Amino acid sequence: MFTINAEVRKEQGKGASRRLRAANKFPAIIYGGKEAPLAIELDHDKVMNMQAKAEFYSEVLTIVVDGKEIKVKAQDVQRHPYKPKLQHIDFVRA
Amino acid sequence: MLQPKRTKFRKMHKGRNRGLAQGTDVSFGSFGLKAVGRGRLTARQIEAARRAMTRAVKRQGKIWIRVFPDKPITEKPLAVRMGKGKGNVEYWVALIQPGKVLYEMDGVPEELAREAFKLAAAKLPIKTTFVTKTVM
Amino acid sequence: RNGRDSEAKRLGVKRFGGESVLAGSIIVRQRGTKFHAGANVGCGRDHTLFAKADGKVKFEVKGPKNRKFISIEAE
RNA sequence: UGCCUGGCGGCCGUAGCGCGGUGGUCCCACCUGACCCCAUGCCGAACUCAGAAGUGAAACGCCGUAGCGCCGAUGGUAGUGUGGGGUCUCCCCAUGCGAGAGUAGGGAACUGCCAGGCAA
RNA sequence: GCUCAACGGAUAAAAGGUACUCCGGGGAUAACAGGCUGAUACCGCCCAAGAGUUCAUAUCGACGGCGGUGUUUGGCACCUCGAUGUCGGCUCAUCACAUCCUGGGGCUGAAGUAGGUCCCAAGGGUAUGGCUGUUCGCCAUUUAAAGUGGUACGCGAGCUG
RNA sequence: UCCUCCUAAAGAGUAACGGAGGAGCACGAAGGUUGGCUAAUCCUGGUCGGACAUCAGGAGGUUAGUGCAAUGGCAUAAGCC
RNA sequence: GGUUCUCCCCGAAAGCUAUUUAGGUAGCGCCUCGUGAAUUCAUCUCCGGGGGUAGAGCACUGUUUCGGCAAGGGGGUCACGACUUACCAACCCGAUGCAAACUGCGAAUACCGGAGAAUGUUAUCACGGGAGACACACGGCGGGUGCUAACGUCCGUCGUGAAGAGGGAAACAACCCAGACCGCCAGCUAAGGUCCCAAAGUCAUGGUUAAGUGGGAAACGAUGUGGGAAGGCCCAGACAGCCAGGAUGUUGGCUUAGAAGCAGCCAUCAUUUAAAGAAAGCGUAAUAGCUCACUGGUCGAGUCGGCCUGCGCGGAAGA
């Protein structure tokens with residue numbers, strides 16, 4: 001039931017991403033296949049709650065962006081160095 | 001008293017402790033002590049913390065040390081004027097950046113692990129936190 | 007027992023890519039051969055690279071070892 | 001024009017290694033002999049001369065295979081120029097530049113001139 | 001033809017003492033005091049292995065950690081070299097409290113007398129002699145106690161030397 | 001006094017009684033040219049011989065060597081005959 | 001040490017090299033006046049450049065932790081054959097780090113060259129006349145040294161002072177704003193400010209703080225208080241209270257000195273069951289004993305333990 005609400009990022013960069021994280025929202029990327037990579041933004045608190053369990057990285061996940069459903073798998077993720085937070089998530093289209 | 005063997009040079013520059021820690025994840029055990037603050041740990045402090053946990057766990061499980069001093073520090077003798085060359089090496093310290101995992105541990109219950117790490121952190125000069133091995 | 011040093015030899019590139027030079031001008035001063043002589047470039051006994059003809063100096067990478075070469079084109 | 005072959009290059013690991021297959025009409029290699037030319041700090045090993053019996057074993061060329069090397073995004077991160085701020089032996093904000101490693105993936109080449117054989 | 005190596009080489013040719021000292025300068029540069037700093041020192045706290053009949057925390061508390069004071073030993077050379085007399089003693093003091101006594105309390109491995117430790121408290125009080133220039137210290141005998149420090153290591157236009 | 005590295009902040013230069021080491025030569029060949037050659041370290045077999053002499057094969061591709069400390073360079077070898 | 005009238009223009013340095021040289025001096029750098037010269041020079045855009053610094057990495061030179069394979073080494077069964085191992089361990093493989101004197105990678109800036117527009121009193125270069133200066137200081141950034149101490153000391157680069165008044169930081173060369181030709185009882189602003197001293201909001205909206213925090217200080221401690229994300233148990237009725245229960249061998253074999261649950265070898269059994277463990281605290285030489293784990297009944301509705309943090313409290317003693 002791993003449904004993630006995501007939005008398409010408007011601006012990218014170190015300044016934009018840091019500003020985004022300050023608003024309790026972190027970026028992520030979806031790639032794989034012959035489709036262009038898609039940059040997304042999504043809420044941080046919800047992902048932390050549902051990524052705590054060990055099987056979050058086991059099966060496929062569904063990403064809902066602008067009314068479109070994408071099936072992805074957790075490929076890579078970056079933690080905060082010394083805080084319980086997330087910096088980025090890499091998603092591989094399944 | 002951790003210390004290197006036959007180091008290339010006896011003395012080295014003071015340097016700086018800027019930057020961010022690299023070994024920020026648990027790699028050997030199931031629980032670890034992460035460094036929140038920034039600073040340096042001497043060999044004596046590392047030994048004191050290690051002894052505290054070994055006693056706390058009562059030689060049960062495994063202990064991993066993820067930091068090595070590998071950095072000499074000098075100190076001028078008392079009543080010595082400035083100059084006349086670099087001071088003699090006294091003790092070895094390890095530079096710690098935020099997020100560095102100091103000690104790792106495995107083979108004990110989570111409850112017993114928390115108190116063991118808490119005792120060790122009480123004998124260290126840097127703010128520390130308890131972390132658990134993450135799945136990927 | 008320290009305190010000794012040697013006078014700096016002021017090595018390095020004297021003429022950079024894309025600037026005209028006169029024949030015989032020094033292009034690079036080096037201990038070994040970091041750059042190898044190319045076309046219209048000669049190598050001195052101390053591995054100094056000098057221009058054997060008048061023109062524009064350019065750098066390039068050639069050979070199986072990707073070693074750097076300095077050439078001169080008559081422009 | 002094509003399959004081939006040899007030489008001289010461009011280009012230089014997407015081009016290099018490992019495993020399997022494939023080639024003797026020419027060419028190439030191995031190969032016989034060496035009294036003479038030539039050489040071994042001893043040896044036809046290597047170099048050189050007189051040959052072409054035999055062979056494709058080795059080497060070399062080509063094909064297949066990702067088992068390695070190699071190349072490699074997007075995003076994020078580190079760092080950083082300029083101007084400001086802070087609980088200022090370290091950081092943050094606005095703007096500009098933006099890695100390294102890693103990931104998806106790519107990948108077991110391409111090309112110019114000359115000469116020779118076969119089919120055209 | 002020169003370790004003219006003090007290596008741009010003042011002569012071919014050259015070591016010491018001055019508390020009997022002198023002159024020109026310098027706080028550009030030391031010694032006393034101030035200032036900055038706080039390694040060291042002193043004081044307080046954190047963790048707690050252990051000791052304490054068993055019981056870590058009555059009382060001590062190792063291995064380690066974090067602070068305060070500017071009371072020692074230090075670092076620097078900012079002030080003073082057209083001069084700030086620098087150890088003790090005497091006389092006269094004044095302030096801080098990290099309290100020696102007296103006052104009020106908690107805990108005690110506090111039966112009582114007598115203690116141990118911690119908290120609040122600076123109102124007042126807080127020795128005399130022998131030895132030594134001594135501060136200090138040892139010793140003798142008293143007291144409720146003979147407190148610790150700051151004040152140019154208080155005080156020589158107040159005294160002694 | 002001179003040489004090499006770091007400090008030195010990716011041109012040059014850049015101080016300290018800062019951190020490490022060297023030189024006051026050598027060579028008529030160790031120079032010039034022509035021709036030829038390509039190491040260290042490991043594995044296996046083999047008298048003395050043994051971990052470590054020399055021989056043969058294999059992996060390796062320069063960890064070797066370069067008259068002298070260090071840095072840079074060196075397969076067209078600047079290395080060896 | 002001192003060096004005597006006035007006005008106008010420009011305007012430094014405290015660096016390098018050498019010096020019986022270090023507080024002197026010489027050349028150069030920097031200043032001034034004159035002369036002659038090229039879109040000479042500067043900023044910006046674009047283009048052509050070589051770096052090995054920050055960062056990163058561990059192929060190499062060193063260092064470092066763990067696991068495996070493990071040649072080899074010791075003790076042991078063997079009859080010149082040969083074998084095992086509770087035990088030492090090389091080289092490699094997998095993972096994790098570190099380095100000014102490590103680099104299989106590699107910026108931002110800076111620097112050199114070329115083209116172009118605008119702008120600048122030729123701001124550039126060469127030659128000539130005259131100099132001063134060669135004690136620098138603090139601040140930001142990158143470092144060595146020291147204790148990542150010093151208004152310490154030694155370098156690189158920029159700023160200010162020196163040689164710059166004015167406003168601001170209570171006072172305070174070097175901090176922030178800003179470069180004073182003279183006059184005006186004119187206006188608008190910068191940093192910083194607007195209750196009074198003292199010029200200007202007792203201004204507006206939404207929050208926080210109870211501490212005189214604001215208006216010094218840490219490790220660490222705590223039902224201070226605000227917000228956020230969750231999680232367990234909850235009218236088949238939770239949490240705290242209230243009259244209740246908590247027993248039988250397990251005085252154990254074990255080191256029988258007694259540990260019997262309250263020193264440990266040890267299992268961590270088993271019945272009544274609305275319900276109980278062969279045991280968490282206090283207390284005995286051990287006993288005993290008193291509580292809590294857990295379980296009934298009434299009222300009865302929320303309650304409980306952690307994470308993220310905003311602002312506060314203690315820690316906090318000097319003449």
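Residue numbers (the authors' numbering), protein chains in the order written: chain V, 1 to 94; chain M, 1 to 136; chain W, 7 to 81.
Using N, Cα and C, we set each Cβ at its ideal position, and we do this for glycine too.
Check, Outcome
"Per-residue DSSP class, three states only, for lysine 74 of chain W", "strand"
"Cβ-based burial, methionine 105 of chain M [other Cβ within 10 Å; buried from 16]", "buried"
"Within 8 Å, strictly: CB atoms of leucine 95 of chain M and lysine 71 of chain M", "yes"
"Neighbour list for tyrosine 57 of chain V in chain M, Cβ cutoff strictly below 8 Å", "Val135 and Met136"
"Cβ-Cβ separation, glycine 32 of chain M to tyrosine 103 of chain M (assumed contact under 8 Å), whole Å", "7 Å"
"Beta carbon of residue 102 of chain V nearer than 8 Å to that of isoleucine 30 of chain V", "Residue 102 of chain V is absent from the model: chain V starts at 1 and stops at 94."
"Of the residues W/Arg37, W/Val63 and W/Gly61, the one placed nearest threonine 54 of chain W, counting alpha carbons only", "W/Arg37"
"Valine 36 of chain M at chain V interface by Cβ criterion, 8 Å", "yes"
"Residue from V/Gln87, V/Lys10 and V/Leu86 with nearest C-alpha to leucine 38 of chain V", "V/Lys10"
"Under 8 Å from the C-beta of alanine 21 of chain M: neighbouring residues of chain V", "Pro81 and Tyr82"
"According to DSSP, residues forming a beta bridge with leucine 41 of chain M", "M/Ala94"
"Beta-carbon proximity check, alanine 35 of chain M vs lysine 123 of chain M, cutoff 8 Å", "no"
"Extent of the continuous alpha helix (DSSP H) to which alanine 113 of chain M belongs", "110-121"
"Option nearest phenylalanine 75 of chain W by Cα separation, candidates W/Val19, W/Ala43, W/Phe22 and W/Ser31", "W/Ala43"
"The stretch 21-33 of chain W / the stretch 52-71 of chain W touching (three or more Cβ pairs under 8 Å)", "yes"
"Residue from M/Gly83, M/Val67 and M/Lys127 whose Cα sits closest to the Cα of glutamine 22 of chain M", "M/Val67"
"Extent of the continuous alpha helix (DSSP H) run through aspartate 45 of chain V", "44-51"
"Nearest-angstrom beta carbon gap, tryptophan 92 of chain M and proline 69 of chain M [assumed within contact, 8 Å]", "3 Å"
"Contact belief for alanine 28 of chain V with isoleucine 89 of chain V at Cβ below 8 Å, rounded distance in angstroms", "4 Å"
"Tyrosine 31 of chain V - partner residues in DSSP beta bridges", "V/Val92"
"Contacts around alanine 48 of chain M, its chain only, beta-carbon distance under 7 Å, and the 5 residues preceding and following it disregarded", "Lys123"
"CA-to-CA distance, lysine 68 of chain W to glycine 107 of chain M, given in whole angstroms", "58 Å"
"Boundaries of the alpha helix (DSSP H) in which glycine 15 of chain V is found, first to last residue", "14-22"
"Residue closest to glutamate 69 of chain V, alpha-carbon to alpha-carbon, out of V/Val60, V/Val77 and V/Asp76", "V/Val60"
"Between the CA atoms of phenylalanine 41 of chain W and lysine 83 of chain V - distance to the nearest angstrom", "49 Å"
"Limits of the unbroken beta strand (DSSP E) element including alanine 79 of chain M", "From DSSP, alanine 79 of chain M is part of no beta strand (DSSP E); its letter is neither H nor E."
"Helix, strand or coil at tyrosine 103 of chain M [DSSP, three-state]", "strand"
"Local conformation of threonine 54 of chain W per DSSP, three classes", "coil"
"Within 8 Å, strictly: CB atoms of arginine 21 of chain W and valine 47 of chain W", "no"
"Neighbour flag for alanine 16 of chain V against chain M, beta carbons, 8 Å", "no"
"Against chain V: residues of the stretch 74-108 of chain M by CB proximity under 9 Å", "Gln97, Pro98, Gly99 and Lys100"
"Supposed close pair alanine 43 of chain M, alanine 120 of chain M - CB separation, criterion 8 Å", "So it is not a contact: roughly 15 Å between Cβ atoms."
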